[PDB]
Amino acid sequence: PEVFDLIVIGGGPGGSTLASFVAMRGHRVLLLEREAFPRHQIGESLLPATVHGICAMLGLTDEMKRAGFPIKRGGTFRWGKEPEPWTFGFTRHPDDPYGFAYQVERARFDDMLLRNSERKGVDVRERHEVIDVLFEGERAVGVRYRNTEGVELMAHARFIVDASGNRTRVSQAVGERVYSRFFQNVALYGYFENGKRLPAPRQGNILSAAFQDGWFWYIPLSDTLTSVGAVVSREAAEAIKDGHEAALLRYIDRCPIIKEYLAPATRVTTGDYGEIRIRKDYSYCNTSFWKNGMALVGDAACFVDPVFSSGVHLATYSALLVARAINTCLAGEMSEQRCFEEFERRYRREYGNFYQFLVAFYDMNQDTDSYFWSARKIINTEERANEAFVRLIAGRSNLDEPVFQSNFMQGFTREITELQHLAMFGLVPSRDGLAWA
Ligand SMILES: Cc1cc2nc3c(=O)[nH]c(=O)nc-3n(C[C@H](O)[C@H](O)[C@H](O)COP(=O)(O)OP(=O)(O)OC[C@H]3O[C@@H](n4cnc5c(N)ncnc54)[C@H](O)[C@@H]3O)c2cc1C
Ligand SMILES: [Cl-]
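Residues numbered from 1 in each chain as written, not as in the entry; some residues may be left out. Chains lettered and ligands numbered in written order. Heavy atoms only, no water.

- Regarding how it was determined, this PDB entry cites X-ray crystallography in its header, along with a resolution of 2.05 Å.

**Regarding the side chain of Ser 208**
Argument step 1. Topologically, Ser 208 is positioned in strand 13 (residues 206–211).
Argument step 2. Once residues within four sequence positions are removed from consideration, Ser 208 is found in contact with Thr 76, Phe 77, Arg 78, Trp 215, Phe 216 and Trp 217. (Helix = DSSP H or I, 4+ residues; strand = E, 2+ residues; numbered from the N terminus. Contact = heavy atoms within 4.5 Å.)

**Notes on the sheet that holds strand 11 (residues 177–179)**
Argument step 1. One open sheet accounts for 3 strands, arranged 11-18-20; its pairing is antiparallel. Where the open sheet ends on each side, the last strands, each with one partner, are strand 11 and strand 20 (302–303). (Pairing = 2+ DSSP bridges.)

**Details of the environment of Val 268**
Argument step 1. Structurally, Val 268 is set in the loop between strand 16 (266–267) and strand 17 (277–280).
Argument step 2. The sequence separation of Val 268 and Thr 226 amounts to 42 residues, and the corresponding C-alpha distance is 9.8 Å.
Argument step 3. Not counting residues up to four positions away in its chain, the partners in contact with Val 268 are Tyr 191, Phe 192, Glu 193, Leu 225, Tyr 273 and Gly 274.

**Focus: the site of ligand 1**
Argument step 1. Among the 35 residues in the neighbourhood of ligand 1, the closest are listed as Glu 33, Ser 45, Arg 106, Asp 299 and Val 312.
Argument step 2. Within the side chain of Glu 33, an N or O atom sits 2.6 Å from an oxygen atom of ligand 1.
Argument step 3. Within the backbone of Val 312, one N or O atom sits 2.8 Å away from an oxygen atom of ligand 1.
Argument step 4. Notes on ligand 1: free accessible area 1,000 Å², of which the protein chains cover 97%. (Near = heavy atom within 4 Å. Polar contact = N/O pair within 3.5 Å; in protein donor to acceptor, adjacent residues only side chain to side chain. Areas by Shrake-Rupley, 256 points an atom, 1.4 Å probe, with all protein chains shown as cover.)

**Observations regarding the domain arrangement of the protein**
Interface size is commonly expressed as the accessible surface area that is lost when the partners come together.
Argument step 1. Along its sequence, the protein is organised into domain 1 (1–39 + 106–182 + 283–395 + 407–426) and domain 2 (40–105 + 183–282).
Argument step 2. Each partner contributes to the interface: domain 1 provides 51 residues, whereas domain 2 provides 45 residues.
Argument step 3. Together, the buried faces of domain 1 and domain 2 total about 4,200 Å²; carbon and sulfur atoms form 61% of this surface.
Argument step 4. Its largest share of buried area at the contact with domain 2, domain 1 owes to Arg 106, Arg 108 and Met 112, together 17% of the area lost on that side.
Argument step 5. The tally of links from domain 1 across to domain 2 stands at 2 salt bridges.
Argument step 6. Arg 119 is the partner of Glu 63 in a salt bridge, and the nearest nitrogen-oxygen pair spans 3.0 Å.
Argument step 7. In this structure, the connection of domain 1 to domain 2 is made through 21 residue pairs in polar contact.
Argument step 8. Secondary-structure elements contributing two or more residues to the side of domain 1 that touches domain 2 are helix 1 (13–23), helix 4 (106–120), helix 8 (311–329), helix 9 (336–364) and helix 10 (371–374). (Domains from an automatic or database assignment. Buried area = accessible area lost by both parts, 1.4 Å probe. Salt bridge = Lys/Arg side-chain N within 4 Å of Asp/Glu carboxyl O.)

**With respect to the pairing of strand 13**
Argument step 1. When you tally the buried positions in strand 13, you get 6 out of 6 residues, the bulk of the element.
Argument step 2. By the alternation rule, side chains of strand 13 split into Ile 206, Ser 208 and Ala 210 and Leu 207, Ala 209 and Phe 211, which are all buried.
Argument step 3. Across 4 bridges, strand 4 (residues 74–78) lies against strand 13 in parallel orientation. Within strand 13, the residue paired with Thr 76 across the bridge is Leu 207.
Argument step 4. Taking the residues between adjacent antiparallel strands as the criterion, strand 13 and strand 14 (residues 214–220) are bridged by 2 residues. (Buried < 20%, exposed > 50% of the residue type's maximum accessible area, 1.4 Å probe, protein only.)

**Observations concerning helix 6 (residues 244–253)**
Argument step 1. Looking only at helix 6, the buried set comprises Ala 247, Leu 248, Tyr 251 and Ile 252. Viewed end-on, helix 6 has its buried residues packed into an arc of 135°, placing them on one side of the element. Exposed side chains of helix 6 directed beyond 90 degrees from the buried face belong to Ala 246 and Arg 250.
Argument step 2. Those residues of helix 6 that are buried are in contact with strand 12 (185–193), strand 13, strand 14, strand 15 (225–233), helix 5 (234–237) and helix 7 (256–262). (Arc of directions from axis to C-beta.)

**Details of unusual backbone geometry**
Argument step 1. The omega angle of the peptide bond from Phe 37 to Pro 38 is 0°, so this bond is cis rather than trans.
Argument step 2. With respect to the helices and strands, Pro 38 occurs in the loop between strand 2 (29–32) and helix 2 (48–57).
Argument step 3. Positioned with a positive phi, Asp 242 is a non-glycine residue whose angle comes to about 50°.
Argument step 4. Structurally, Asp 242 can be placed in the loop between helix 5 and helix 6.
Argument step 5. Of the residues examined, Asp 242 reaches a relative accessible area of 83% and is grouped as exposed.
Argument step 6. You will see that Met 334, though not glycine, has its phi angle at about 60°, which is positive.
Argument step 7. Structurally, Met 334 is set in the loop between helix 8 and helix 9.

**Focus on the environment of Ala 265**
Argument step 1. You can see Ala 265 is positioned in the loop between helix 7 and strand 16.
Argument step 2. Each C-alpha atom of the pair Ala 265 and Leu 249 lies 12 Å from the other, and the pair is 16 residues apart in sequence.

**Points about the nonpolar core**
Argument step 1. Residues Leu 18, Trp 215 and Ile 326 are the most contacted members of the largest nonpolar core, which totals 114 residues.
Argument step 2. Tallying contributions element by element places helix 9 first for this core, with 11 residues.
Argument step 3. There are two domains that each give this core at least three residues, and those are domain 1 (1–39 + 106–182 + 283–395 + 407–426) and domain 2 (40–105 + 183–282).
Argument step 4. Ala 237, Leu 248, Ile 258 and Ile 276 belong to the second largest nonpolar core, which has 25 residues in total. (Core = buried A, V, L, I, M, F, W, Y, C linked by side-chain atoms within 4.5 Å.)

**As for the layout of surface pockets**
Empty space left among the atoms is revealed by rolling a probe the size of a water molecule over them.
Argument step 1. Estimated volume of the second largest pocket: approximately 230 Å³.
Argument step 2. Around the second largest pocket sit 15 residues that line it, and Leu 47, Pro 48, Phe 90, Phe 308 and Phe 354 are the ones nearest its centre.
Argument step 3. Looking at the lining of the second largest pocket, the elements with two or more residues in it are helix 2, strand 13 and helix 9.
Argument step 4. Taken together, the residues that form the lining of the second largest pocket break down as 10 nonpolar, 3 polar and 2 charged.
Argument step 5. Each of two domains, domain 1 (1–39 + 106–182 + 283–395 + 407–426) and domain 2 (40–105 + 183–282), supplies a minimum of three residues to the lining of the second largest pocket. (1 Å grid on protein atoms, 1.4 Å probe; cavity = no way out; pocket = protein on both sides within 12 Å on 5 of 7 lines; lining within 4 Å. Points joined across faces, edges and corners; volume = space filled by probe spheres on them. Nonpolar A, V, L, I, M, F, W, Y, C, P; charged D, E, K, R; others polar.)

And the structure:
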């Protein structure tokens, strides 16, 4: 049974990124991926930190350029108080640092990434499904898998990392997955050909649009292809079944901007983009991201919600953080505890930043007759007590007098909240950036 420095379970952006970064330091890594690449996965809109930070460190800048991925300068939102769409840009000027990102076909993007792993020296093996992580001495020491044929084998390493995404079958070995009560949403999504684009030089921007029952994303993948998804209540899903296509089509009709952008369009009916998928119970965090010899990265560890497109960034950032722990420990410096505690602290900080901001962002949409939006509001009480206090001591307690009248990780249990509080409170990289100094 083969011996490695690291075994990575899953070859999406989390797994391939971590594998590459440790192999780049000259270590033995195996990466097992259940599927044969290329394969469809949701998660198409990217951020500059991944495009200009991660992908540059991986040495993929040039290959990204040549791919023909639409260039994402920011996004447009129909969201909040006003009906008119507003826009954001990553930077004030088009070409200054971290100025843009891409809208990617994940099949091609992940494949591109996994191929780069190989070339970086990673032993990647497709059609290989991990079944169990193996423990000895209270430490993760290997995995059981099935290879390309039905054959059950084993492999061993000093470190085992679950990068196997939301359907991980091994994460419970590290911690308990705890679902957010706030982001209790289901996404229903398909692909459309020949749909319209945003104006100006913004054709490649993501568009997200709120309507009465939730919100839509609208991501251009090429001149002809658009990813389109409705994010609605979990409760609505339990009645979209036996009628996937009809549910989405009816949702499209009920969102003006999406209705108009898809009027010229035909839905893809064949291939990987001809299906309409559902994702449910996607918002969660684990009670722990590492134990002893094992770590969780990407969707295996935690996920917030698709608005503002943070998933691939989180996966790739956590991959870098784990890579640094592994590259620093395999060099006999520091300790496993110091390095993996730093990993979890940093990861929870970035996850927490997005969680907090997205709760407030959901809260800012005004739609007073929407059940969906009314149930996705910041739960205050203490601010309302404060406001009443302040009204009183300003001389304004009389609300009938016209002369005078002219929290944290919401939706989570205490355990997640406390872990997040410690990490956020409400080490520096080596010159290489591949380990800790
Ligand atoms: C509705 C929806 C919309 C989203 N939109 C965006 C977006 O616009 N932008 C963005 O950045 N993110 C988006 N995300 C999130 C994004 O999908 C994920 O965050 C991202 O794919 C995480 O990558 P990963 O490497 O951790 O996992 P994955 O991409 O899921 O890859 C894990 C890999 O592990 C493999 N695997 C599974 N089990 C095993 C096993 N037993 N053994 C071996 N291999 C296994 C799988 O085949 C897969 O290839 C969205 C998510 C949802 C739910
Ligand atoms: Cl996301």
